[PDB]
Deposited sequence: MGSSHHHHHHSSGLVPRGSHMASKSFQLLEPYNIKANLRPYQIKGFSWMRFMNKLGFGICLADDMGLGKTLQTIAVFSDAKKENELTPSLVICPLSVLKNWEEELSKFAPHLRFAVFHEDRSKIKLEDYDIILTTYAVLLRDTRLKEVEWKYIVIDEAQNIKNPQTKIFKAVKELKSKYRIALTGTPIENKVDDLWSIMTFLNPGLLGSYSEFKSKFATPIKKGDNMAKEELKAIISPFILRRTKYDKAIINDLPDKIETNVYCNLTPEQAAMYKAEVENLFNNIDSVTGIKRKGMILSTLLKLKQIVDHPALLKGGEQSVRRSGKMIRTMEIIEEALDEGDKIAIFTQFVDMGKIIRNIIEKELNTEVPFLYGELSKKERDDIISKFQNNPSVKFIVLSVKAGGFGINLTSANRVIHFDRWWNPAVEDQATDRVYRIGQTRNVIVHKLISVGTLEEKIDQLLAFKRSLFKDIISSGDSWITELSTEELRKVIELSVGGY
């Protein structure tokens, strides 16, 4: 699983000490954190391509904080895809609270950019503006997260036309395909370095892709000092990492889904005041189980076209699913509903020409076996979707490097049974749908749970004991 990018420095250099940062950055992070800072002060821009799940953002936060204790942060810009925008806020506010940030959506409006340490924004939110160009930002981070695939375009011309003093770029894996993107990013980070696009492709792209281990090695050589990339499989790193890393993957609902949600929300209320008793615990639990399906995929209700475009989960899943693939992982996707499972299998199975053994309850032991066997042994099989309700018939998922909870998991006994993260470290993803019971319940639980952990049981159940006042708080869609 070779895919590690070097940049000499692991013997000395300024192993900076994270500043006001609530966390114990594994050694490999304190380094990256520092290396970036180093190259930044030196005046070079760099790309951090560590496998998704090793927290390039935390390191980037540190890079941000250490540039605070030096009067080189206020103001900095971070251009991330809507999706990750939550992850960012999630982490600044938490890890580096002492750092002022603010999202920058549509129209100009109230500007205090210069007064804010960092400001968040989307590529699009750039493509149509001016407000920012005026600003002279210290840092300018381009977070090309696992976002779809086409990142380049007139967008870079916009970015690559701003005013920074420091430049970082968080990305997936320098895939030999990314070549043409490599020019765009390297340029952004270090302008001129590669010349012109025309020039680039001409002597690098067309040849390398056309099989030229010559210009290939060369290009690698020339950029080597500006790209740092650690691998979840790097022996040196397998160690510093926990058995399981937990990440929250956010997704935003399509306007269809959004509609179906608000609707299906009003329909439980405009028909609840009346009913009551266990004829409310059944009614509520019914709505919930529809909202959950809406977010998963509306084709689950309106029937119809089972496409990626109709589901925000599916879109995000697809991105995440894809980077993990490039990082050479083996993914396991779990879904509450059997049909969402088939949809997932289909979409993936089709869109990537590859088998996606699907495992669900009703299925002879032989199959569950042959399927899980197919996923375990066969290195060709890289996915497995599972829709199981039982405690754990007989699921052996030790081969999984990554796991996605398509449906909100509301467990250790479960992970143990399925053998997740037993004989390999494993990264686990929880899909969250912004402005949804999926998000709010995620909130109320971490509230205390000193009354919810020992007492109350599984997620679905109790959500119904909620008295209208808060039920209308938790489930009510929330988009400002």
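According to the record, C-alpha coordinates are lacking for deposited residues 1 to 13, 424 to 428, 499 to 500.
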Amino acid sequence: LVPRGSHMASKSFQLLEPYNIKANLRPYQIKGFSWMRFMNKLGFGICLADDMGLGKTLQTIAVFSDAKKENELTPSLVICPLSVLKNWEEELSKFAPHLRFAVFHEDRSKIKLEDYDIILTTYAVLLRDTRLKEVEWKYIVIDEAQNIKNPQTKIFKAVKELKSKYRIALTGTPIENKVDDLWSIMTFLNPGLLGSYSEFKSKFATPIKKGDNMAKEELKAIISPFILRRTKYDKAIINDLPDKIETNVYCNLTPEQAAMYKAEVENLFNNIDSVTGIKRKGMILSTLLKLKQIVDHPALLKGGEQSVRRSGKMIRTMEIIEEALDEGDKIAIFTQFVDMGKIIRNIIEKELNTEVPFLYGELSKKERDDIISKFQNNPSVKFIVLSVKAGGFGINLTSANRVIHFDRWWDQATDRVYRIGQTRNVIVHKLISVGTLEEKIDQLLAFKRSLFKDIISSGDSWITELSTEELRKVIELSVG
From here on, numbers count along this sequence of modelled residues.
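Per the PDB record, of the two stretches 120 to 128 and 241 to 249, 120 to 128 carries the greater mean B-factor over its C-alpha atoms. Of the two segments examined, 300 to 308 and 357 to 365, it is 357 to 365 that shows the higher average Cα temperature factor in the deposited entry. The PDB entry gives the largest Cα B-factor of the residues 268, 141, 385, 289 to 268. Remark: of 317, 401, 153, 376, 153 shows the highest value [criterion: C-alpha B-factor in the PDB entry]. Annotation for residue 330: C-alpha temperature factor in the lowest third relative to the rest of the modelled chain, per the entry. Annotation for residue 433: CA B-factor lies in the lowest third of the chain's modelled residues. Per the PDB record, residue ranking by Cα B-factor puts residue 233 in the lowest third of the chain. Among the modelled residues of its chain, residue 89 has a C-alpha B-factor that falls in the middle third, as given in the PDB entry.
In this PDB entry, the Cα temperature factor of residue 134 sits in the top third of its chain's modelled residues, the highest group.
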